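This report concerns only the one structure given below.
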Amino acid sequence: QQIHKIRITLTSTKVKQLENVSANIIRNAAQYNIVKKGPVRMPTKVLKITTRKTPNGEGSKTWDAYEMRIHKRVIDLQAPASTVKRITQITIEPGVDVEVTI
Amino acid sequence: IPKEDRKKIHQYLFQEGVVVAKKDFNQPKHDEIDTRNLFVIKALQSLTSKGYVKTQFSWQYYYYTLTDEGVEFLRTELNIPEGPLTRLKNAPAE
Amino acid sequence: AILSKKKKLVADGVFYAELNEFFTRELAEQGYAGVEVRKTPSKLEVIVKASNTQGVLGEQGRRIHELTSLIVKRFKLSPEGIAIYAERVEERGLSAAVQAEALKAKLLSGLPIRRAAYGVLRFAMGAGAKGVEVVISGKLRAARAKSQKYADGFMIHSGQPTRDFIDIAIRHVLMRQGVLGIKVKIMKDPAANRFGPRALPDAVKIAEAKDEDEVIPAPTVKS
Amino acid sequence: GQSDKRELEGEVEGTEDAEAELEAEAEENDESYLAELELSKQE
Amino acid sequence: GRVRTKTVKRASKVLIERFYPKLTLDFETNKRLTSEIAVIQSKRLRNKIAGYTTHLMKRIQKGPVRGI
RNA sequence: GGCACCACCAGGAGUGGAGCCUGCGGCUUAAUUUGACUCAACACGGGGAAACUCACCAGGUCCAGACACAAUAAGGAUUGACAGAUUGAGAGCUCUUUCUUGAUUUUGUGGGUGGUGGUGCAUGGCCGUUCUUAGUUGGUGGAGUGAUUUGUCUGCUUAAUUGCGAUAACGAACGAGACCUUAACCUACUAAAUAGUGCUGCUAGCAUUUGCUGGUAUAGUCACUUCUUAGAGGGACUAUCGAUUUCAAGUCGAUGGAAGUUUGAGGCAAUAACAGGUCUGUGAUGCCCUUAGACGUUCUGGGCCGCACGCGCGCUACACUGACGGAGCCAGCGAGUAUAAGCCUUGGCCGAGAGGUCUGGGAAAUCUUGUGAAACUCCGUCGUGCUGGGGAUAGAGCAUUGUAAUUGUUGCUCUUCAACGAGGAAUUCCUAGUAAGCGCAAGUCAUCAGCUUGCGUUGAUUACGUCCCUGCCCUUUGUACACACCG
Ligand SMILES: [Mg+2]
Ligand SMILES: [Mg+2]
Ligand SMILES: [Mg+2]
Ligand SMILES: [Mg+2]
Ligand SMILES: [Mg+2]
Ligand SMILES: [Mg+2]
Ligand SMILES: [Mg+2]
Ligand SMILES: [Mg+2]
Ligand SMILES: [Mg+2]
Ligand SMILES: [Mg+2]
Ligand SMILES: [Mg+2]
Ligand SMILES: [Mg+2]
Ligand SMILES: [Mg+2]
Ligand SMILES: [Mg+2]
Ligand SMILES: [Mg+2]
Ligand SMILES: [Mg+2]
Ligand SMILES: [Mg+2]
Ligand SMILES: [Mg+2]
Ligand SMILES: [Mg+2]
Ligand SMILES: [Mg+2]
Ligand SMILES: [Mg+2]
Ligand SMILES: [Mg+2]
Ligand SMILES: [Mg+2]
Ligand SMILES: [Mg+2]
Ligand SMILES: [Mg+2]
Ligand SMILES: [Mg+2]
Ligand SMILES: [Mg+2]
Ligand SMILES: [Mg+2]
Ligand SMILES: [Mg+2]
Ligand SMILES: [Mg+2]
Ligand SMILES: [Mg+2]
Ligand SMILES: [Mg+2]
Ligand SMILES: [Mg+2]
Ligand SMILES: [Mg+2]
Ligand SMILES: [Mg+2]
Ligand SMILES: [Mg+2]
Ligand SMILES: [Mg+2]
Ligand SMILES: [Mg+2]
Ligand SMILES: [Mg+2]
Ligand SMILES: [Mg+2]
Ligand SMILES: [Mg+2]
Ligand SMILES: [Mg+2]
Ligand SMILES: [Mg+2]
Ligand SMILES: [Mg+2]
Ligand SMILES: [Mg+2]
Ligand SMILES: [Mg+2]
């Protein structure tokens, strides 16, 4: 249990914090001589819901089209498990959730 | 309500003096008072009916909180020592 | 348990939507503005913004302690896994939620509408809002219902900037004869925005002429 | 306020309400035994 | 149609009255100049302003223009 | 005067004619719950109802009537109940029957509470419409005693009150435009074993020339980012050149360009207003009604589908530019689960099919999935025939879902094979990847899509104009209207 090929999966609704956390981890993976792969832009998923505007059933048939964009990024690191987890606390952001899988 | 099942409803609304109950009358177990869920709603409907708990309803859920006047009521009726948890003066944070 | 990415981000949103309305119903009298859910390792930080942080944190913080317990028992959370903080809103005049809740507490006291409406028009502008418009609709002693708009200053209506520089709050007011609906639209000044754009899209700021110097024929200044 | 009055005394009365509250509110900011044990002591 | 609006027509002619010596008859040069002269919120408006400024500059060399 | 394919011209596809699907009226009904009636009611209430949904009908239970009292009450106020009768029912619902529990509770008073009960003509919110048309507003100045007016306009131009220009106006604000999302370009950056490729290991088939097609490859511990994904940017601004024009706003042609119709498409969208629609979305609501033989809620069964009829949104077709039968074989938008109450399901094996069964993958750029879709194309049979067009109606049989399929949920097999031979008066939608075909996914969803919301495949004819019809806007005008012609 030392240096491992470690995956960090980043998902969020907003891209600004996602790229800040993504860039901040890459920055910290640069000055620390740790070989890295990423970030990998996964195809963004558009969660779309189309309802009727009318609470009743009167009027012109008009529809809303709501959206919820989900952006997912995965970064591969070659470092011991203690190092990667403390990097996560360095780049903790309320919007972006992090899952780490070996 | 049987007196014994009524009792468990009273030592949950005291010691954690707040109670949450989902609005389904036929639920076998409210997952926190080992009695019928309907009993919890109607037992606490009397307590809020007699000014011992505030009741709030939001998204098909009951939020029961114990009044300061209600601590005294369970002080005597339960025959408990004169010594719940949300009143333990844990103090907030700044 | 195992929940998909699509179904997990939606669940966080649904949890926020239900939690936000819970505070609006419970802390209506304290000018509740909004809630911020700051997830963190080993803790669930929740920041509530209210006009009065004494009603939430009263009698040795009994209510906030007894209010966080209602959330652990409803969302099956560990008792240590959540922490709630009450924070005062810095600029109460710029929050339409506070202004709408404040107006309702005045309308329910029998205060006249004109006196109540102008109390939020001047309070919003006094805080520095670029514009504000208040619409109150319902029935007042008269059988027929009516609506009245009270504008002031500058207001934008169309396009994206209304989503950036305008916040809105609608509440229903329970009167003895029916329901009163109030809408408080407040446009904040874009120069003070700290996260989004700091000006309107069509605002063009031309610099000043730096010219009108005197030119000398052809020397060389050495160094 | 369907009169020339009570809106006169709605603005001057309304505006002095805010002026009293902006200063008051701008001052408000500038100066800013257990139980389960008793159920187990039956030994 | 391609009728420019007033937010681009009046803002472009203020530039000529203020920075005529630095302007030119080339859109590409004008486009870069107006990014350091004016604070334009959107890229699309920046090219639109410089594209009409170029038209006015191209028109000034043929005679006097109204509004400048 | 002006604008507009919810107007017309030139046209395209049609609808109205047939069968069927579905909605509305009517009739019928035990009930066939109900809202909506020009645009802006009638595949609309996300309303594709077997139960539930459900509000309707015929019946049967429960209080889940809190709380202050008063009465009753331990010598028991009351709750549950085997067996038989009763009941549709193994509802102690009720009746014979004596057992059990024990002040929770039974009766009256007030007071509640719950209602898909009434009132959308008492209301909030939301939505539709006038209208996405281009309109609306104040400061100073001018006119008027005033309410008011000019600014906000003859003309040209624009999609546009948007601009040029004329100008007792000048300079502005909302709306428009800007803005935001999406689609099209980047061999220029940033990377990608959940994307792809060339090489390279290893490996197959065919001619042997070293070539051509593959498989394999999560250690070849390779190389690269063109194709794929998405973040930071760049790129179009009518750019340059010709014409016309008040030489102005602009417009039309070329050239370059990925893009020159606002680059294509949308989202948002002003000042007021309507008795527009919803209290059948709300633990949103005022009032009225009801509240224990309920109008609450629940259980059983039926109905919302009911059929001499009129109307609307649609789907199949009337054939040969076609039907079948083989063969070729290409998308995009998307969705997907756990001790559940069961998701997407490949692969193998059965079965003519429908479908069944055993394993495995996938909480997903990884697997379903390249969703190998349909039109389409090739080769054949058919040969103008109510024919191999069309597939209603119906008989017999086989499976799936579901407690439950009868009034056939749906699917499959054989058989029956009806009107319809291009549709009167009328009338709808539409200008470029558009119309039209053609399918696929998502929503409803245990099952059922002839429906919507999107997506992609093939892909045109004809204007790029006008006010002739129709609708709306503006100006002038009349007015005995201002609750504003529903006067
Ligand atoms: Mg604007
Ligand atoms: Mg706009
Ligand atoms: Mg028509
Ligand atoms: Mg025609
Ligand atoms: Mg025709
Ligand atoms: Mg047809
Ligand atoms: Mg039913
Ligand atoms: Mg029923
Ligand atoms: Mg019925
Ligand atoms: Mg009912
Ligand atoms: Mg109405
Ligand atoms: Mg209304
Ligand atoms: Mg004036
Ligand atoms: Mg004046
Ligand atoms: Mg005067
Ligand atoms: Mg005027
Ligand atoms: Mg204008
Ligand atoms: Mg504007
Ligand atoms: Mg690999
Ligand atoms: Mg190879
Ligand atoms: Mg556009
Ligand atoms: Mg009406
Ligand atoms: Mg009502
Ligand atoms: Mg209702
Ligand atoms: Mg409603
Ligand atoms: Mg009601
Ligand atoms: Mg209701
Ligand atoms: Mg309904
Ligand atoms: Mg009943
Ligand atoms: Mg029906
Ligand atoms: Mg029938
Ligand atoms: Mg029937
Ligand atoms: Mg339709
Ligand atoms: Mg229709
Ligand atoms: Mg064939
Ligand atoms: Mg064929
Ligand atoms: Mg796939
Ligand atoms: Mg035949
Ligand atoms: Mg046939
Ligand atoms: Mg048949
Ligand atoms: Mg017509
Ligand atoms: Mg059905
Ligand atoms: Mg479906
Ligand atoms: Mg439908
Ligand atoms: Mg006309
Ligand atoms: Mg007149």
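In the structure tokens, chains take the letters A, B, ... in the order shown, each chain's residues start at 1, and ligands count up from 1 in the order shown.
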
| task | as a VMD selection string, please: all residues of range 37-102 of chain A that backbone DSSP puts in helix (DSSP H, G or I). | result | chain A and resid 81 to 90

Output C-alpha atoms for every residue in the selection just made, as an mmCIF file, in the first residue's frame.
data_model
loop_
_atom_site.group_PDB
_atom_site.id
_atom_site.type_symbol
_atom_site.label_atom_id
_atom_site.label_comp_id
_atom_site.auth_asym_id
_atom_site.auth_seq_id
_atom_site.Cartn_x
_atom_site.Cartn_y
_atom_site.Cartn_z
ATOM 1 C CA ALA A 81 -2.817 7.128 -0.966
ATOM 2 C CA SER A 82 -1.942 9.457 1.927
ATOM 3 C CA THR A 83 -0.757 12.175 -0.476
ATOM 4 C CA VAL A 84 -3.838 12.168 -2.721
ATOM 5 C CA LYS A 85 -6.417 12.379 0.071
ATOM 6 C CA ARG A 86 -4.791 15.414 1.704
ATOM 7 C CA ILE A 87 -4.736 17.064 -1.738
ATOM 8 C CA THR A 88 -8.523 16.690 -1.769
ATOM 9 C CA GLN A 89 -8.882 18.650 1.475
ATOM 10 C CA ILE A 90 -6.634 21.342 -0.023
#

Which residues, written as an mmCIF file with N, CA, C and O atoms, in the first residue's frame, have at least one atom at most 8 Å from residue 3 in chain A, with only C-alpha atoms (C1' of nucleotides) counted and residues fewer than 4 positions away on the same chain left out?
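File written: around.cif
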data_model
loop_
_atom_site.group_PDB
_atom_site.id
_atom_site.type_symbol
_atom_site.label_atom_id
_atom_site.label_comp_id
_atom_site.auth_asym_id
_atom_site.auth_seq_id
_atom_site.Cartn_x
_atom_site.Cartn_y
_atom_site.Cartn_z
ATOM 1 N N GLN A 78 -0.552 9.184 -9.863
ATOM 2 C CA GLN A 78 0.395 8.136 -9.480
ATOM 3 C C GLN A 78 1.172 8.607 -8.252
ATOM 4 O O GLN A 78 2.233 9.226 -8.365
ATOM 5 N N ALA A 79 0.623 8.311 -7.078
ATOM 6 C CA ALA A 79 1.108 8.829 -5.807
ATOM 7 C C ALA A 79 0.606 7.904 -4.705
ATOM 8 O O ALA A 79 -0.337 7.136 -4.924
ATOM 9 N N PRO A 80 1.223 7.929 -3.522
ATOM 10 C CA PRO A 80 0.683 7.129 -2.415
ATOM 11 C C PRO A 80 -0.636 7.687 -1.901
ATOM 12 O O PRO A 80 -0.933 8.876 -2.039
ATOM 13 N N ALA A 81 -1.437 6.794 -1.309
ATOM 14 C CA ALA A 81 -2.817 7.128 -0.966
ATOM 15 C C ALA A 81 -2.909 8.257 0.053
ATOM 16 O O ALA A 81 -3.884 9.017 0.048
#

| message | List as a list in words the protein and nucleic acid residues near residue 440 in chain F, meaning an atom at most 12 Å away when only C-alpha atoms (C1' of nucleotides) are counted, but skip any in the same chain fewer than 6 places from it. | response |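 In the requested form, the answer reads residues 331, 332, 333, 334, 371, 373, 374, 454, 455, 456 and 457 of chain F.
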
| Separation of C1' of residue 176 in chain F from CA of residue 39 in chain E in Å | 23.3 Å

| message | Around ligand 27, out to 12 Å and counting only C-alpha atoms (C1' of nucleotides) and all ligand atoms, which residues are there? I want them as number ranges by chain. | response | F: 114-117, 279-285

| Shell of 8 Å around ligand 19 (only C-alpha atoms (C1' of nucleotides) and all ligand atoms), written as a list in words |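 Here is the list of contacting residues: residues 193, 217 and 218 of chain F.
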
So that I have them on file, write out the residues from the current selection with C-alpha atoms (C1' of nucleotides), as a PDB file, in the first residue's frame.
ATOM      1  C1'   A F 193      -6.880   2.985 -20.984  1.00  0.00           C
ATOM      2  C1'   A F 217      -3.524  -5.670 -27.128  1.00  0.00           C
ATOM      3  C1'   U F 218      -6.516  -2.181 -19.297  1.00  0.00           C
TER       4        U F 218
END

Which residues of chain F come within 10 Å of chain A, and what is each one's closest atom pair and distance in Å (one decimal), counting only C-alpha atoms (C1' of nucleotides), sorted by chain and residue number, as a tab-separated table?
residue	atom	partner	partner_atom	distance
F:35	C1'	A:57	CA	8.8
F:36	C1'	A:58	CA	6.9
F:40	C1'	A:59	CA	6.2
F:41	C1'	A:58	CA	8.3
F:44	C1'	A:57	CA	5.5
F:45	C1'	A:57	CA	3.8
F:46	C1'	A:52	CA	6.3
F:47	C1'	A:57	CA	9.8
F:126	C1'	A:55	CA	6.3
F:127	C1'	A:54	CA	4.5
F:128	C1'	A:59	CA	4.0
F:129	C1'	A:59	CA	8.1
F:190	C1'	A:39	CA	9.0
F:191	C1'	A:38	CA	5.7
F:192	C1'	A:40	CA	5.0
F:194	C1'	A:42	CA	8.5
F:195	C1'	A:42	CA	9.9
F:228	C1'	A:43	CA	9.6
F:229	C1'	A:43	CA	5.2
F:230	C1'	A:41	CA	5.4
F:231	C1'	A:19	CA	8.0
F:267	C1'	A:65	CA	9.2
F:276	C1'	A:59	CA	8.7
F:277	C1'	A:58	CA	5.3
F:278	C1'	A:56	CA	4.9
F:280	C1'	A:56	CA	9.4
F:281	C1'	A:55	CA	7.0
F:334	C1'	A:47	CA	9.4
F:365	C1'	A:43	CA	6.4
F:442	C1'	A:49	CA	9.4
F:443	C1'	A:50	CA	8.3
F:453	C1'	A:50	CA	6.8
F:454	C1'	A:50	CA	9.7

Residues from last step as file, C-alpha atoms (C1' of nucleotides), as a PDB file, in the first residue's frame:
ATOM      1  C1'   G F  35     -63.789  22.275 -16.320  1.00  0.00           C
ATOM      2  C1'   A F  36     -63.289  24.628 -21.001  1.00  0.00           C
ATOM      3  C1'   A F  40     -57.438  32.435 -27.096  1.00  0.00           C
ATOM      4  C1'   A F  41     -62.970  25.389 -25.736  1.00  0.00           C
ATOM      5  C1'   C F  44     -56.578  20.364 -23.699  1.00  0.00           C
ATOM      6  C1'   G F  45     -56.765  19.874 -17.559  1.00  0.00           C
ATOM      7  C1'   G F  46     -49.747  16.872 -18.951  1.00  0.00           C
ATOM      8  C1'   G F  47     -57.203  13.510 -18.562  1.00  0.00           C
ATOM      9  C1'   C F 126     -49.686  30.589 -11.922  1.00  0.00           C
ATOM     10  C1'   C F 127     -50.967  30.508 -16.986  1.00  0.00           C
ATOM     11  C1'   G F 128     -53.353  32.166 -21.692  1.00  0.00           C
ATOM     12  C1'   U F 129     -54.722  36.592 -24.601  1.00  0.00           C
ATOM     13  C1'   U F 190      -5.146  22.051 -22.921  1.00  0.00           C
ATOM     14  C1'   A F 191      -5.346  17.206 -22.113  1.00  0.00           C
ATOM     15  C1'   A F 192      -7.773  12.086 -22.409  1.00  0.00           C
ATOM     16  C1'   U F 194     -14.866   5.231 -19.952  1.00  0.00           C
ATOM     17  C1'   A F 195     -12.766   8.351 -27.431  1.00  0.00           C
ATOM     18  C1'   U F 228     -14.630  12.038 -30.429  1.00  0.00           C
ATOM     19  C1'   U F 229     -15.348  14.832 -25.716  1.00  0.00           C
ATOM     20  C1'   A F 230     -15.195  20.036 -23.453  1.00  0.00           C
ATOM     21  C1'   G F 231     -12.387  25.075 -21.243  1.00  0.00           C
ATOM     22  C1'   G F 267     -34.928  31.585 -23.812  1.00  0.00           C
ATOM     23  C1'   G F 276     -60.083  34.815 -20.003  1.00  0.00           C
ATOM     24  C1'   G F 277     -59.012  29.601 -17.145  1.00  0.00           C
ATOM     25  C1'   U F 278     -57.884  27.095 -12.912  1.00  0.00           C
ATOM     26  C1'   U F 280     -60.168  19.221  -9.673  1.00  0.00           C
ATOM     27  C1'   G F 281     -51.928  21.269  -8.093  1.00  0.00           C
ATOM     28  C1'   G F 334     -31.944  10.286 -24.686  1.00  0.00           C
ATOM     29  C1'   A F 365     -18.417   8.117 -23.164  1.00  0.00           C
ATOM     30  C1'   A F 442     -38.293  10.593 -23.576  1.00  0.00           C
ATOM     31  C1'   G F 443     -43.186  11.784 -20.647  1.00  0.00           C
ATOM     32  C1'   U F 453     -42.061  16.755 -26.310  1.00  0.00           C
ATOM     33  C1'   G F 454     -37.673  16.172 -28.984  1.00  0.00           C
TER      34        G F 454
END

| said: What residues of the protein or nucleic acid chains come within 10 Å of ligand 30 when you use only C-alpha atoms (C1' of nucleotides) and all ligand atoms? Reply as number ranges by chain. | reply: F: 22-24, 32-34, 47, 49, 304-305

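By chain and then residue number, the residues within 8 Å of residue 25 in chain B are residues 23, 27, 37 and 38 of chain B; 64 of chain F, counting only C-alpha atoms (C1' of nucleotides) and disregarding those fewer than 2 positions away in sequence.
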
Pull N, CA and C atoms (P, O5', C5', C4', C3', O3' and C1' of nucleotides) from the residues just selected and write them as a PDB file, in the first residue's frame.
ATOM      1  N   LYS B  23     -46.341  11.753   7.102  1.00  0.00           N
ATOM      2  CA  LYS B  23     -47.805  11.694   7.046  1.00  0.00           C
ATOM      3  C   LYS B  23     -48.258  10.448   6.286  1.00  0.00           C
ATOM      4  N   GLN B  27     -48.747   3.405   8.494  1.00  0.00           N
ATOM      5  CA  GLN B  27     -47.376   2.932   8.671  1.00  0.00           C
ATOM      6  C   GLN B  27     -47.176   2.159   9.973  1.00  0.00           C
ATOM      7  N   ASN B  37     -47.472   4.552  13.737  1.00  0.00           N
ATOM      8  CA  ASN B  37     -47.184   5.922  13.318  1.00  0.00           C
ATOM      9  C   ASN B  37     -48.386   6.828  13.547  1.00  0.00           C
ATOM     10  N   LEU B  38     -49.593   6.308  13.312  1.00  0.00           N
ATOM     11  CA  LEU B  38     -50.798   7.100  13.529  1.00  0.00           C
ATOM     12  C   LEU B  38     -50.914   7.512  14.988  1.00  0.00           C
TER      13      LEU B  38
ATOM     14  P     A F  64     -60.347   8.797  16.921  1.00  0.00           P
ATOM     15  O5'   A F  64     -59.196   9.780  16.431  1.00  0.00           O
ATOM     16  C5'   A F  64     -58.253   9.318  15.477  1.00  0.00           C
ATOM     17  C4'   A F  64     -58.234  10.176  14.239  1.00  0.00           C
ATOM     18  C3'   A F  64     -59.585  10.413  13.585  1.00  0.00           C
ATOM     19  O3'   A F  64     -59.573  11.689  12.947  1.00  0.00           O
ATOM     20  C1'   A F  64     -58.231   9.094  12.143  1.00  0.00           C
TER      21        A F  64
END

| said: Taking only C-alpha atoms (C1' of nucleotides) and all ligand atoms and a cut-off of 10 Å, can you tell me which residues surround ligand 46, written as a PyMOL selection string? | reply: chain F and resi 478-479+481

| request: Find the residues near ligand 43. Use a cut-off of 12 Å, count only C-alpha atoms (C1' of nucleotides) and all ligand atoms, and write them as JSON, numbers by chain. | output: {"F": [48, 335, 440, 441, 442, 443, 444, 445, 447, 448, 449, 451, 452, 453]}

| task | Tell me which protein, DNA and RNA residues are within 7 Å of range 8-18 of chain E, counting only C-alpha atoms (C1' of nucleotides), leaving out same-chain ones fewer than 4 positions away, and put them as a count of residues only. | result | 8

Per residue of chain B within 7 Å of chain C, record the nearest atom pair and its distance in Å to one decimal, counting only C-alpha atoms, with rows in chain order and ascending residue number, as a Markdown table.
| residue | atom | partner | partner_atom | distance |
| --- | --- | --- | --- | --- |
| B:18 | CA | C:70 | CA | 6.1 |
| B:19 | CA | C:70 | CA | 6.9 |
| B:20 | CA | C:74 | CA | 5.9 |
| B:58 | CA | C:22 | CA | 6.0 |
| B:59 | CA | C:18 | CA | 6.9 |
| B:63 | CA | C:70 | CA | 6.5 |
| B:86 | CA | C:66 | CA | 4.8 |
| B:87 | CA | C:62 | CA | 5.7 |
| B:89 | CA | C:60 | CA | 6.0 |
| B:91 | CA | C:61 | CA | 5.3 |
| B:92 | CA | C:61 | CA | 5.2 |

Output of the above residues as a CSV table (one decimal), in the first residue's frame, restricted to C-alpha atoms:
chain,number,residue,atom,x,y,z
B,18,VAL,CA,-38.4,17.1,18.9
B,19,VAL,CA,-40.3,14.5,16.9
B,20,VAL,CA,-40.6,14.1,13.1
B,58,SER,CA,-43.9,21.0,5.4
B,59,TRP,CA,-43.7,18.6,2.4
B,63,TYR,CA,-42.1,18.8,12.7
B,86,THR,CA,-32.3,20.2,22.9
B,87,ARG,CA,-32.6,22.3,26.1
B,89,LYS,CA,-27.7,24.5,26.9
B,91,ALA,CA,-24.9,26.8,23.4
B,92,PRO,CA,-24.5,28.0,19.8

| said: Can you work out which residues from chain E touch chain F at a cut-off of 8 Å (counting only C-alpha atoms (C1' of nucleotides)) and hand them back as a list in words? | reply: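 Filtering chain E at 8 Å from chain F with only C-alpha atoms (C1' of nucleotides) gives residues 1, 2, 3, 4, 5, 6, 7, 27, 45, 47, 48, 50, 51 and 52 of chain E.
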